[PDB]
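Taking it in order: structure first as structure tokens, then the write-up.
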Amino acid sequence: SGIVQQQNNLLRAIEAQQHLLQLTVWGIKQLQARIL
Amino acid sequence: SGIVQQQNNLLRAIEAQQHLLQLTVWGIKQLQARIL
Amino acid sequence: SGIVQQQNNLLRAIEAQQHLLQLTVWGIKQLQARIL
Amino acid sequence: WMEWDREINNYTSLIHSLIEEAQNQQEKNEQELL
Amino acid sequence: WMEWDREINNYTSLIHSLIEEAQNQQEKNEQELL
Amino acid sequence: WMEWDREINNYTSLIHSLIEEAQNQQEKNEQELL
């Protein structure tokens, strides 16, 4: 049970880090366009 | 079996997020150099 | 045992990727301020 | 930057693929504990 | 950029939350192997 | 930016270390199911 539960916790952390990665990718393209 | 399989899936997601992180690090140094 | 051990390894990778994400977020705000 | 864009998109799809698959597996694993 | 900042902070707290919880679970799971 | 570079490199090596180790463990765990 504690293992299936840990995997939930890691899956959730991975998903939330994916959101953060799409936010930094966004931020970079905006700076890129402004720089152009 | 489903647990070893989930760990595969998370390891793979972590690896693919690592690629994305090296891509945003790259993008940032390029903007940094252009800004300099 | 090898499973609890893998989960350690992934948790640790997630934590270290979180550090990297806070570093790219930082880098982006610095470029943003310089751009402003 | 055009190659950058492309490798972003490729890895973003891989990732999305992998997360859906892990959500499905996560559900099965929770069921099969019972 | 103001919305960007805000979604960063929201996801950063979620993440931090999730990592603490996984450190606690990691400890329990290591104990319970014994 | 010079400190930024350095903390990037330190965490990037840690991560790479951790992923290799998890690929090895992943292999063992797949074997030992049998």
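Would you check which residues across the stretch C:4-36 are within 30 Å of residue E:33 (Cβ to Cβ) and not aliphatic (A, V, I, L, M) and list them?
Selection gives C:5, C:6, C:7, C:8, C:9, C:12, C:15, C:17, C:18, C:19.
Filter the stretch B:6-36 down to the residues that are touching a helix residue (DSSP H, G or I) at 6+ places or on another chain (Cβ under 7 Å), under 15 Å from residue F:1 (Cβ atoms) and among the charged types (D, E, K, R) and list them by number.
Scanning the stretch B:6-36 gives a single hit, B:34.
Please go through chain A and pick out each residue that is polar (S, T, N, Q) and more than 24 Å from residue B:9 (Cα to Cα).
Step one: of chain A, the residues polar (S, T, N, Q) are A:1, A:5-9, A:17-18, A:22, A:24, A:30, A:32.
Those that are polar (S, T, N, Q) and more than 24 Å from residue B:9 (Cα to Cα): A:30, A:32.
Quickly run through the stretch A:7-36 and pick out the residues that are within 7 Å of chain E (Cβ to nearest Cβ) and closer than 17 Å to residue E:16 by Cβ.
Result: A:9, A:10, A:12, A:13, A:16, A:17, A:19, A:20, A:23.
Could you please find all residues in the stretch F:13-34 being more than 7 Å from chain C (Cβ to nearest Cβ), assigned to a helix (DSSP H, G or I) and more than 14 Å from residue C:10 (Cα to Cα)? Lay out the reasoning, then the answer.
At the first step, the residues of the stretch F:13-34 found to be more than 7 Å from chain C (Cβ to nearest Cβ) are F:13, F:16-17, F:20, F:23-24, F:27, F:30-31, F:33-34.
Checking the rest, the ones that are also assigned to a helix (DSSP H, G or I) come to F:13, F:16-17, F:20, F:23-24, F:27, F:30-31.
The answer is F:13, F:27, F:30, F:31.
FYI the Cβ positions are ideal-geometry reconstructions off the backbone, even for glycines, and counts take in every protein chain you see. Each value in this text was obtained by applying a stated rule to the coordinates, not by laboratory testing.
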